[PDB]
């Protein structure tokens, strides 16, 4: 009934993928208990850094990527949820279920990737474990892994970027094409589709 109706928590940044040096690695910035509390209050005082964030709800963990001052992720991870911030919950500025896409203003202190205009098909997928996986572009929204691997290795990386050789953002990882549990290809939201939404 109305008195007891609950509110879903915010998405919470719990880590990041460090791409600042010669070695990519995941960093945790908040543990599960603090995540639970921050999801309820929507108030996250932690300092944010970098381009790729690891984010969590009470029930799911995935990635989010800053491109042109917007933190983008997948709707199948975030739904319509706010994101926690130093001054409380922040409402989405983009929501498009048809593209499996949502976005919030990028957090104070993040760095944004630049949308790719190279027109190159040699891509790199960045996972939540900081693996950098070469992917050949195979269409507007598909790419093949040069080295297939079990889908287990990609789980939790939706919202992560596909990058060009120069480090520009080409798209946002959405879904994996699985054959007998092996990911041979991935689907992604092209950056042009984000730029249109913008």
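The term rigid core refers to the most C-alpha atoms you can superpose between the two forms while keeping them within 1.5 Å. Residue numbers count along the first chain shown, from 1.
- Taking 130-138 and 23-31 in turn, the stretch whose Cα atoms are more displaced from the shown form in 7 other deposited structures of this protein following rigid core superposition is 23-31.
- When the C-alpha B-factors of 120-128 and 103-111 are averaged, 103-111 comes out higher.
- Stretches 60-68 and 33-41 differ in mean CA B factor, with 33-41 having the higher one.
- Listed residues 182, 189, 176, 12 were ranked by CA B-factor as deposited; 182 comes out on top.
- Ranking 134, 159, 139, 148 by Cα temperature factor from the entry places 148 first.
- Among the modelled residues of the chain, residue 154 sits in the middle third by CA temperature factor in this PDB entry.
- Split the chain's modelled residues into thirds by C-alpha temperature factor. Residue 172 is in the middle one.
- In the deposited entry, the Cα temperature factor of residue 48 sits in the top third of values across the chain's modelled residues.
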